[PDB]
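Each of two forms of one protein chain follows alone as structure tokens, named structure 1 and structure 2.
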Structure 1
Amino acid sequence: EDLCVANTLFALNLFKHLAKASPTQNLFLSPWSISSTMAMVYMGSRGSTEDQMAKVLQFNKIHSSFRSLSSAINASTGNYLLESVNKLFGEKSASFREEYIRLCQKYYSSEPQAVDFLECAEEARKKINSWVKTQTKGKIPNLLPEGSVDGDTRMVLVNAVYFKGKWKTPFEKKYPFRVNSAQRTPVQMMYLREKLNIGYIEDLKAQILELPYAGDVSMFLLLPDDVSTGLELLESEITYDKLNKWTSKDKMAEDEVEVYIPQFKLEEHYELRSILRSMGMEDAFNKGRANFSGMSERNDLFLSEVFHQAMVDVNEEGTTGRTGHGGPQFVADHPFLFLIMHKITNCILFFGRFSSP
């Protein structure tokens, strides 16, 4: 059994919806981080709000599942740095349900902390952003933008995730990248010739390549064979069934592969209310209709927004005489999707679209 299936189904549906807002530009997010945060919100939801969140998050034992998956993601390894941490910041004068606070700590280890939103909201925002910055080793410095919290803010539920790994085999830093039918942009390429898992997903007309990090985390890249990015078919037809078949432990066949991928860095910020609403999570965001009585007996809360910020920096860092070129090539000189997979849990930690150097 794939123990991360709900989260993966959500990750893919979320990507499809986000792509409606952003169909062609670079995209990057951590579906894991979002699922975790939303799970903590779900714990406080009731009535129709709850029923819709369960549908959207693909839950149709959830909390014990997150705790177990989180434990596996956080396991000490020696091979890379990988940390996922949740946090709850609550208005100091507010009275939340004792069982909500207890259960959120039990299953999410969110170390519930009081802050002063009512009178010092800007100070509270700075503190929250500083906490995330620390957790992300400086990589996500200002998660919550100006105006995101105010005197009516009652609780901010946070997840931070951080990953730093080295490739099992280092690349060599070696050029035109095809952005669309009217644009080519020079990019620094990285080259590797190594025994790697490579296949082809006919239903998506795309090559898939696995690049392992040291340890049980890998990057999978999906590269299509339109006059825009070339990703229309792949993005519209990708599903859990089609993808999981190919990311599964032993489907693919290892071969000597010559790989060229760009060296790249992405940094993207999102506000997900519109997206989550479109996916079916309406009542949570409806000031009138939301039911978060699980958080507060007074039933006086609603979800105002969900902020997400994610970054990635891909480089050559890892742990002669060959001249033939008869075998597989994977030349990522045009737009591709990629994902960073925790192999033990089968959870997607990060997912993106690289289309514009």
Structure 2
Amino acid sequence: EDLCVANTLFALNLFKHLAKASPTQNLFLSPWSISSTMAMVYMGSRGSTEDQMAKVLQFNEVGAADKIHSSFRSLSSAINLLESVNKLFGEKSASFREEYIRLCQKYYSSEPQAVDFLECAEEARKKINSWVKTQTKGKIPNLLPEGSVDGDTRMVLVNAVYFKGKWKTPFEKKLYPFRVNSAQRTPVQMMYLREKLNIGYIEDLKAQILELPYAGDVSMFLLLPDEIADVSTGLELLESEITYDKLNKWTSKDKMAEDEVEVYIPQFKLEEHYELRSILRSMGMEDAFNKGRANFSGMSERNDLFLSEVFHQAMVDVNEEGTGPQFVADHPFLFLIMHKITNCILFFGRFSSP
């Protein structure tokens, strides 16, 4: 029983499926905002659409229908730089119920907006992009592109999230060769820090795990292969073996002990944009995206409403500003950003290519 447990299950499954589409390049997303915005769409869903969303969101694996939405509103209070903006746009002839709009306000503080996809889809496309550009203060001027919506579009969800924390201890700004793959290296600016930090070693996968705290009890956990068993990113084994139970154990206080570590990590910025429909359908959320089967009767009395697409943008800025074992991240790693009090994964990513 825990939305943050479901979120982690879902985040790892989403990352695995996403990694079929992008097996080596930089990958960065916020499982928590996808879970929360997809839960609001699931609030509007019924029948086998609902059943499938609940299963892919892992709500069923952690066991509580009438408590999900209020738990998301409570969690959002505990969790809440961390900026998250979202909006559900829907074709105006499939009118949202007054009551759905009221529940969106109440549980997700989000208001669905009607657009005219059926007759002026390009204009709708451009109104979605002005709202996004406006709410993200210029970082994303054109979230949706040229032909991502047309007369067949019925409903799209947009979600853009940005994170930049303040490290508990400032790094020192040291170009080092970062290894992208067995034939290619790219110079990166490295940041260095010597500090008492929790660090662990995963014996079976020959990798180090380190926690880098930010101020308010939000930490970055970084998983960095030690032996390199593939000629590509070197992440192949960590990515086929990570599981909920394994991550839990790797991050347990018995497996991660405090120690004076010298840390070298690149200065980096990631911005990745996704269209998750094909990813979510491969995970099992099929009916929500299928015009002949979707059931959004909770959102609208009109029969003709299905989910056309999910736009997700996530961005992180990692720099030196803050308030014995060696961890040298001069080759690819997985990382996650964790809300320690809730144990919610806010972001999850692969840094492979500077």
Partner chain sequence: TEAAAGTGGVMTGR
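What we label the rigid core is the largest C-alpha set whose atoms superpose within 1.5 Å from one form to the other. Here, residue number means position along structure 1's sequence, counting from 1.
As summarised for this chain, the second structure is the form solved without the partner chain, and the first is not. Just a single entry of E267, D255, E271, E122 exceeds or equals a 2 Å CA shift between the two structures, which is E122 (rigid core superposed). Comparing the forms between the two structures, the C-alpha position of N180 differs by less than 2 angstroms, with the core used for superposition. After superposing the rigid core, the C-alpha of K92 moves by 2 Å or more between the two structures. Once both forms are fitted on their core, the CA shift for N197 between the two structures remains under 2 Å. After superposing on the rigid core, the C-alpha of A214 is displaced by 1.2 Å between the two structures. Taking the rigid core as reference, the CA displacement of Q25 between the two structures comes to 0.4 Å.
CA movement of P145 between the two structures equals 3.6 Å, with the two forms superposed on the rigid core.
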